[PDB]
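These protein sequences, in sequence, are chains A and D.
First residue of the first sequence? That's 32 in PDB author numbering, and the numbers climb one at a time after it.
First residue of the second sequence? That's 32 in PDB author numbering, and the numbers climb one at a time after it.
Every residue gets a Cβ at the ideal spot worked out from N, C-alpha and C, and that includes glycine.
Protein chains: 2
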Amino acid sequence: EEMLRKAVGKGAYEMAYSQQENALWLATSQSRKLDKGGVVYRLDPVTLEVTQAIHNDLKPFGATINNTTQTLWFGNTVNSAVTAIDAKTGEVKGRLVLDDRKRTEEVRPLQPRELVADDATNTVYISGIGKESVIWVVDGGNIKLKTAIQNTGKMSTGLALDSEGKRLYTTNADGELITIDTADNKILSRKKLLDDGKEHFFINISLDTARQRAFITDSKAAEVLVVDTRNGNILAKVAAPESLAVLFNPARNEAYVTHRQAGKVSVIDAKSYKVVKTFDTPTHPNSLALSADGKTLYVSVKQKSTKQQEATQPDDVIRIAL
Amino acid sequence: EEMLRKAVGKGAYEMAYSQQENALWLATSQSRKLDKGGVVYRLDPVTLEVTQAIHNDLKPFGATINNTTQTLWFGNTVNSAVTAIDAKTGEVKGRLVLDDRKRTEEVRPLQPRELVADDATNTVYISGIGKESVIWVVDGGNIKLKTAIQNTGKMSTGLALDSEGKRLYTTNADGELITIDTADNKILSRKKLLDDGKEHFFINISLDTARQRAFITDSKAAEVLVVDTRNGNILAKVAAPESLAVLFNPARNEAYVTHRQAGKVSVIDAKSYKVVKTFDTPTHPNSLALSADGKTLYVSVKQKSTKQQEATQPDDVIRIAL
DNA sequence: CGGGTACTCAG
DNA sequence: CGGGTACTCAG
């Protein structure tokens with residue numbers, strides 16, 4: 032039983048793991064006022080040492096990997112764009128702006144948040160957030176846009192994919208869960224999960240296609256929801272601090288959840304729907320990543336850092352031996 | 032017709048003029064994060080050149096002069112204390128703490144705001160502000176406290192004196208005007224000047240004993256009030272920006288008023304009760320002072336300066352040829 | 001996207 | 001004294 036916490040860089044965010052390359056990648060936006068653009072770090076799965084540092088014109092935040100084409104996709108939040116990088120060589124394949132509009136007092140260009148790649152059809156799904164969000168469907172072949180699934184709602188940040196079942200889910204700040212047919216990119220349905228009049232922001236969603244379950248986090252409630260991907264019925268409400276990121280682990284039938292303010296990572300037993308362990312990870316745990324065999328959990332951890340009183344220390348990645 | 036604006040120091044506040052010494056004194060608290068204590072500057076009445084700089088252990092804010100004893104009295108706001116300085120030599124005679132309690136989560140030691148000296152009886156009246164203000168009556172002879180007129184109200188900042196009529200007035204944040212017999216230091220009455228349900232903060236009050244009038248400023252209304260010192264009847268409501276400091280000028284039967292945000296100084300004609308002229312004085316005019324013959328007006332002017340983003344420039348004193 | 005941090009001789 | 005500034009990969 033080990034826990035290795037190692038420093039990597041400033042502005043740590045999401046990661047992506049690759050069995051083929053036997054590597055983990057970390058997206059970092061670097062220093063906010065001192066750096067222009069950012070860096071995607073290739074880290075050793077065991078020692079967490081940086082084995083490669085990829086410099087990017089645009090700051091990378093969200094990440095995902097297409098295991099078939101061994102291509103990493105990074106969301107460039109502050110530049111409303113997405114980046115493609117070849118995992119094998121670390122070369123920037125190219126970028127595609129998802130919203131060129133200029134920020135004014137009457138316009139908020141949508142910004143990418145989460146990314147999911149359908150290995151089977153080499154498609155990249157990107158959630159574009161704003162007052163009225165969307166879901167850009169990008170072609171991983173030429174890096175050009177195919178279409179923009181409209182009306183996903185307010186701050187529709189969450190995004191999960193069932194490649195085989197051709198179902199693409201997304202959660203939002205309207206307390207909705209939205210199911211989408213990937214075959215025609217059309218919304219099949221949307222249900223308001225809870226109805227206790229309270230405010231709910233379902234930031235993220237991870238799937239367990241095997242049982243057609245979906246683990247959804249809440250940033251405004253102290254409970255992670257487990258939903259039936261077929262009818263949106265609540266299958267369980269796990270008690271935990273307000274959640275952020277969530278990742279389901281088929282190999283151990285359990286889900287990990289990051290609690291930003293709490294500075295904790297929760298281990299939910301997907302059989303009993305009970306928090307069986309809590310990893311203490313201050314200051315602000317951010318994203319999660321799993322080794323191909325689901326034996327190792329990777330957590331990115333951000334330093335306390337106001338955007339007026341920036342952190343002088345680099346963020347860390349915590350490798351946990353599950 | 033001239034207007035001379037000259038730099039003096041950081042943290043400018045109140046002034047005091049002396050016919051005998053033919054000088055103006057400016058109280059400055061100096062730099063907020065860089066300086067401990069402050070400086071009282073002796074300035075030439077014409078050129079505004081600093082002819083003497085008095086260093087003080089405690090930062091001076093409010094000021095007043097006892098023309099009989101040629102003694103300057105300075106309120107040390109942040110140290111709940113008052114300072115006596117000999118105008119002739121510039122020597123610090125001594126200090127008297129007006130509230131030694133220590134700042135905690137349940138205690139706000141009262142802080143001196145305004146000061147007035149009764150030349151006839153060598154007494155110094157000091158308004159001590161807080162949730163429930165008071166008025167310290169200090170003995171200008173030994174610098175020891177005589178008593179503390181209690182219950183002046185919430186933020187009873189204003190303070191004026193009719194030495195001959197043994198009447199001491201004070202205004203507060205409860206919209207009250209309070210009359211006090213200096214003979215027994217007892218409150219004779221208190222009236223809520225306006226009754227329009229609106230919030231009123233009568234920050235300052237200057238008197239025209241000759242006609243038993245009182246010019247009172249309002250920091251929450253765009254109108255300076257003129258009151259009858261005998262019955263608190265509104266004698267006039269002059270239209271002007273929200274006011275701060277106010278000074279009546281017997282010699283020209285007019286009153287000057289400082290409008291902090293407005294960056295203006297208003298000249299109110301005390302015969303017609305009309306603003307007959309407005310001196311443009313940005314950024315933040317603070318206090319007023321008059322030459323013994325009421326021919327010259329002196330305004331202290333503070334630079335824009337947040338207490339997190341301090342001003343790099345020193346404040347100015349504007350000498351106006353009325 | 002639309003309203004809570006610390007300030008204060010400010011009101 | 002007791003509630004409005006600018007932040008934002010935050011919720």
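Reduced DSSP secondary structure (H/G/I, E/B, other) of residue i
i, result
"D:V77", "coil"
"A:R144", "strand"
"D:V138", "coil"
"A:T312", "coil"
"A:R283", "helix"
"A:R36", "strand"
"A:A276", "coil"
"D:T154", "strand"
"D:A241", "helix"
"D:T100", "coil"
"D:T82", "strand"
"D:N264", "coil"
"D:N110", "helix"
"A:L353", "coil"
"A:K177", "strand"
"residue 22 of chain D", "What the structure shows of chain D is the stretch from 32 to 353, and residue 22 of chain D is not part of that stretch, so it cannot be assessed."
Alpha-carbon to alpha-carbon, residue j and residue i
i, j, result
"D:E32", "D:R350", "11 Å"
"D:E273", "D:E137", "32 Å"
"A:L238", "A:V81", "30 Å"
"A:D88", "A:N107", "10 Å"
"D:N97", "A:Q292", "59 Å"
"D:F105", "D:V113", "6 Å"
"A:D300", "A:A286", "7 Å"
"A:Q51", "A:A84", "19 Å"
"A:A191", "A:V123", "25 Å"
"D:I157", "A:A38", "58 Å"
"D:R242", "D:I236", "15 Å"
"D:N182", "D:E163", "6 Å"
"residue 355 of chain A", "A:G69", "Residue 355 of chain A lies beyond the stretch modelled for chain A, which goes from 32 to 353, so this question has no answer here."
"A:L127", "A:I174", "6 Å"
"D:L79", "A:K67", "49 Å"
8 Å contact criterion, which residue i and residue j should meet: CB distance rounded
i, j, result
"A:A253", "A:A276", "Incorrect: roughly 16 Å between the Cβ atoms, too far for contact."
"A:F246", "A:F279", "5 Å"
"D:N317", "D:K333", "5 Å"
"A:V348", "A:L57", "6 Å"
"D:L141", "D:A94", "Not a contact, Cβ separation roughly 19 Å."
"D:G263", "D:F233", "At roughly 12 Å, the Cβ-Cβ gap does not stay under 8 Å, so D:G263 and D:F233 are not in contact."
"D:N203", "D:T213", "Actually they do not touch by this definition, with Cβ atoms about 18 Å apart."
"D:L199", "D:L224", "At roughly 17 Å, the Cβ-Cβ gap does not stay under 8 Å, so D:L199 and D:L224 are not in contact."
"D:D249", "D:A43", "Wrong, their Cβ atoms sit about 23 Å apart, outside the cutoff."
"A:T102", "A:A118", "6 Å"
Status (buried if at least 16 other CB within 10 Å, exposed otherwise) for residue i
i, result
"A:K41", "buried"
"A:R134", "exposed"
"A:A151", "exposed"
"D:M46", "buried"
"residue 20 of chain A", "This structure does not reach residue 20 of chain A, given that chain A is present from 32 up to 353, and the question cannot be answered."
"D:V288", "buried"
"A:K338", "exposed"
"D:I116", "buried"
"A:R73", "buried"
"D:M34", "exposed"
"A:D149", "buried"
"D:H290", "buried"
Sequence-distant residues of the same chain with beta carbon closer than 7 Å to residue i, five excluded per side
i, result
"D:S322", "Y48, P76"
"A:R283", "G325, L353"
"A:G172", "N153"
"A:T178", "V168, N216"
"A:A267", "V257, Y304"
Residues of its chain near residue i, where Cβ-Cβ distance is below 8 Å and the 5 sequence neighbours each way are ignored
i, result
"A:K64", "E341"
"A:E195", "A151, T240"
"D:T314", "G294, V332, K333, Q334, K335"
"A:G159", "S111, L129, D130, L141, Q142, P143, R144, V165, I166, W167, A179"
"A:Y329", "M46, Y48, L55, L319, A320, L321, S322, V348, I349, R350, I351"
"D:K305", "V269, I299"
"A:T59", "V39, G40, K41, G42, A43, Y44, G69, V70, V71, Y72, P91, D346"
6 Å Cβ shell around residue i - same chain, five flanking residues per side excluded
i, result
"A:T260", "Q243, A245"
"D:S297", "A271, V288, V306, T309"
"A:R36", "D347, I349"
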